[PDB]
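The figures that follow rest on heavy atoms only: side chains count, while hydrogens, waters and symmetry mates do not. Just so you know, residue 1 is the first one in the sequence shown, and it goes up from there.
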Amino acid sequence: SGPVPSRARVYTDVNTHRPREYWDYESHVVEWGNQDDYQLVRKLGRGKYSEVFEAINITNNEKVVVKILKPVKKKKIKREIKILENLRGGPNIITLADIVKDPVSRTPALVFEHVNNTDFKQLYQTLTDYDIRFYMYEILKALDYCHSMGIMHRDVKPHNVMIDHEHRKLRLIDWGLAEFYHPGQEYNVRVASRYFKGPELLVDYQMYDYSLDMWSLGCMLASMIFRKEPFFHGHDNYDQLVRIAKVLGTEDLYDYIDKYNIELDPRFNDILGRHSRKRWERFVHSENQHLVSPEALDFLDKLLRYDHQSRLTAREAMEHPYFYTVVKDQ
Ligand SMILES: O=S(=O)(c1ccc2ncsc2c1)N1CCC(CCNCc2ccc(-c3ccccc3)c(Cl)c2)CC1
Ligand code: NA
């Protein structure tokens with residue numbers, strides 16, 4: 001036995017065709033700028049792996065964002081830098097402007113282009129059906145691009161999506177968990193926030209690909225159209241799969257596990273039970289109905305599949321009827 005192998009349906013060999021240096025980030029030599037070019041203005045936030053500041057480049061008086069890294073292995077910093085450099089200039093990808101080190105503490109800091117993000121509590125109540133379709137399309141452009149460039153984001157969620165609503169501008173941020181896709185590679189399943197983890201992660205299927213990001217995206221879409229954040233609210237990684245199973249149903253889950261010859265943890269056998277596949281109609285109510293259409297539900301259904309191979313690709317998703325008005329306007 002052991003699990004059945006898997007390959008991405010698209011962009012399978014994009015890294016194989018690149019020079020090794022493109023993806024072999026362990027070999028990457030970091031280009032350091034001058035720390036003294038930046039003065040910190042104010043703290044913006046703190047994350048698992050960093051503290052984020054607004055700063056000013058005193059050479060040209062530009063506003064920038066500085067992410068000062070907490071201690072991480074040099075290869076993980078190299079990976080994030082290499083990915084940001086490879087993706088620089090791509091649609092809706094955050095722009096890495098510079099990389100500096102404090103010469104005393106030796107702490108490394110990434111310097112980004114400044115994006116004026118719109119406060120969540122003011123965005124949430126104003127967003128129309130059109131706005132959701134528009135911003136979803138913008139995220140898909142970033143995902144198609146990074147996938148086409150041989151990179152999985154692996155941490156798609158609202159915290160990692162900046163919107164400057166005034167400028168109708170979106171950026172996908174926090175490439176610290178992203179990885180290069182190589183056919184045959186077994187990845188770490190301990191990635192992404194619980195609520196956004198794909199079934200492949202939860203059942204410990206390591207040979208995953210770009211399609212992980214499409215599950216995460218579907219989770220985001222569900223939370224936005226149904227006004228339920230998070231959508232799949234698990235207590236832990238095990239219960240997370242139970243919450244998914246109560247919606248997608250257990251029949252399809254067991255079909256997926258059979259197809260890939262996945263060995264399910266003994267714990268899971270007790271708690272999965274038997275669940276019907278639910279209709280999306282049970283999440284619709286008077287408050288959210290203006291966001292919910294046949295198109296939205298058809299699209300959502302085609303993202304949220306157990307079987308990573310059957311999810312829409314980014315480029316397929318962009319062709320879905322949910323986006324016809326957006327595509328016409330652009
Ligand atoms: O201040 S920050 O540390 C900072 C500032 C600049 C910067 N530049 C490089 S890293 C960096 C960090 N930062 C923390 C993350 C925040 C995330 C904002 N989420 C907003 C949001 C996104 C997406 C949706 C949405 C979902 C579904 C459909 C359509 C849309 C929704 Cl509703 C809201 C921004 C501020
Ligand atoms: Na693979």
Side-chain angles (χ1 to χ4, degrees), residues 21-23 25-45 47 50-119 123 135 138-139 141-143 145-146 149 151 153-168 170-180:
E21 70 218 348
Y22 179 89
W23 50 262
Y25 57 82
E26 279 167 18
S27 90
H28 182 68
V29 182
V30 174
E31 292 298 324
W32 305 96
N34 188 356
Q35 191 209 200
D36 291 338
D37 288 1
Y38 307 102
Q39 287 175 336
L40 305 184
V41 176
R42 65 201 183 79
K43 203 171 212 165
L44 294 174
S50 81
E51 300 222 314
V52 179
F53 299 83
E54 188 174 75
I56 187 164
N57 185 340
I58 66 188
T59 77
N60 63 14
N61 229 248
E62 270 162 6
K63 284 170 170 158
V64 297
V65 171
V66 182
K67 180 173 153 238
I68 304 175
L69 302 193
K70 291 179 178 153
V72 278
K73 299 182 67 168
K74 271 174 138 101
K75 59 154 75 141
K76 307 308 186 202
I77 309 174
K78 290 187 171 81
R79 189 174 64 186
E80 172 172 5
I81 291 162
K82 192 61 186 158
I83 285 178
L84 287 165
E85 294 181 348
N86 288 342
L87 296 177
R88 191 153 61 219
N92 301 333
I93 313 293
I94 200 67
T95 304
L96 178 74
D98 207 343
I99 318 183
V100 300
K101 180 171 298 184
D102 191 60
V104 176
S105 72
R106 315 302 292 171
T107 311
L110 304 173
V111 183
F112 297 93
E113 73 164 318
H114 184 267
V115 176
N116 305 295
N117 179 69
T118 308
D119 76 296
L123 206 47
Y135 287 121
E138 292 301 303
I139 299 174
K141 284 183 187 152
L143 290 178
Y145 185 68
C146 74
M149 293 296 280
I151 291 152
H153 183 280
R154 297 202 304 175
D155 198 23
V156 175
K157 62 173 196 203
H159 189 257
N160 293 336
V161 173
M162 287 187 77
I163 302 175
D164 174 6
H165 189 46
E166 175 177 4
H167 297 100
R168 298 202 97 225
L170 180 149
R171 293 287 173 275
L172 181 54
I173 66 156
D174 292 345
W175 295 81
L177 279 197
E179 201 31 290
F180 295 86

At what distance, to the nearest 0.5 angstrom, does NZ of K75 lie from NE2 of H28? 16.0 Å

Report the distance from atom CG of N117 to atom CD1 of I163, rounding to the nearest 0.5 Å. 7.5 Å

Can you list everything that forms a salt bridge (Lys or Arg N to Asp or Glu O under 4.0 Å) with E54? Sequence neighbours excluded, please. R42

Could you tell me if the side chain of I94 sits less than 4.5 Å from the side chain of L84, heavy atoms only? yes

List the atom of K67, the atom of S50, and the distance in Å for their closest heavy-atom pair. CG-OG, 3.3 Å

pair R79-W175: side-chain heavy atoms closer than 4.5 Å: no

side-chain contact (heavy atoms from CB on, under 4.5 Å) filter on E62, not counting sequence neighbours, yields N60

Taking all heavy atoms of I99 and all of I81, pick out the closest pair and write down the distance. CD1-CG2, 3.5 Å

Carefully, step by step, assess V72 and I77 under the rule side-chain contact (heavy atoms from CB on, under 4.5 Å). CA-CA 7 Å; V72 278; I77 309 174; 3.4 Å; yes

If the condition is side-chain contact (heavy atoms from CB on, under 4.5 Å), which residues does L40 pass it with, not counting sequence neighbours? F53, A55, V66, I68

With sequence neighbours excluded, what pairs up with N86 under the side chain to side chain donor-acceptor pair (under 3.5 Å) test? none

Counterpart residues, side chain to side chain donor-acceptor pair (under 3.5 Å), relative to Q35 (two or more places apart): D102

May I have the step-by-step check of side-chain contact (heavy atoms from CB on, under 4.5 Å) for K101 and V30, ending in yes or no? CA-CA 11 Å; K101 180 171 298 184; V30 174; over 6 Å; no

By salt bridge (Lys or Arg N to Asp or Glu O under 4.0 Å) - contacts of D174 (at least two apart): none

With sequence neighbours excluded, what pairs up with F180 under the ring pair (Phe, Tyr, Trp, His ring centres under 6.0 Å) test? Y22

Of all heavy-atom pairs between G33 and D98, which one has the smallest distance, and what is that distance? CA-OD1, 3.2 Å

From CA spacing to verdict: side-chain contact (heavy atoms from CB on, under 4.5 Å), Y145, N92: CA-CA 9 Å; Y145 185 68; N92 301 333; over 6 Å; no

Sequence neighbours excluded, the answer for salt bridge (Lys or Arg N to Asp or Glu O under 4.0 Å) partners of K78 is none

Kindly compute the distance separating NE2 (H153) from CD1 (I83), expressed to the nearest 0.5 Å. 9.0 Å

Out of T118, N116, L170, which residue meets the side chain to side chain contact (heavy atoms under 4.5 Å, CB included) rule with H165? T118

Do any N or O atoms from the side chain of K82 and from the backbone of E26 form a donor-acceptor pair under 3.5 angstrom? no

Distance from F112 atom CZ to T95 atom OG1, nearest 0.5 Å? 9.5 Å

With sequence neighbours excluded, what pairs up with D36 under the side-chain contact (heavy atoms from CB on, under 4.5 Å) test? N34

Got a second to check how far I56's CD1 is from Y38's OH, nearest 0.5 Å? 12.0 Å

Drop me the distance from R154's CZ to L177's CG, to the nearest 0.5 angstrom. 6.5 Å

Which pair of non-hydrogen atoms, one from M162 and one from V115, has the smallest distance, and what is that distance? CE-O, 3.4 Å

Any residue meeting side-chain contact (heavy atoms from CB on, under 4.5 Å) with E31, in chain and number order, not counting sequence neighbours: none

Pair listing, salt bridge (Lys or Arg N to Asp or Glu O under 4.0 Å) test, anchored in residues 103-116, at least two apart: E113-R171

Check salt bridge (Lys or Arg N to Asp or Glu O under 4.0 Å) between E85 and all other residues, then give those that pass, not counting sequence neighbours. none

